[PDB]
């Protein structure tokens, strides 16, 4: 397993909802923060063999 | 990662049925006690 439980992932911003607009909540950051698109980048052992 | 492989190989397998589960479209032989039936029937590692 990796250290933080997540590899290099994408930055998604903060988005509110009324209609087509979907902008400018001021409830999250301007850049936002990374939220792990996908699965955890694991690697594999056969440690009993 | 080695203790869980020990409990899966002894105390998850060798468990009576209606606990183990058959995966996606693996053909079991309908004989309930032949070798290929106990082989393709795969034990759950979460109930133990």
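Nothing in this text is a laboratory measurement; each read-out follows from the coordinates by a stated rule.
Worth pointing out:
- Pairwise centroid distance, computed over Cα atoms, of chain A with chain B, Å: 35 Å
- For the protein assembly as shown, the equivalent ellipsoid derived from the Cα gyration tensor has semi-axes of 46, 20, 12 Å, listed largest first.
- Normalising the Debye intensity of chain B to I(0), with uniform scatterers on Cα atoms only, and taking log10 at q = 0.14, 0.26 Å⁻¹ returns -0.36, -0.98.
- More than 13 Å apart - percent of Cα-Cα pairs taken over chain A: 68 percent
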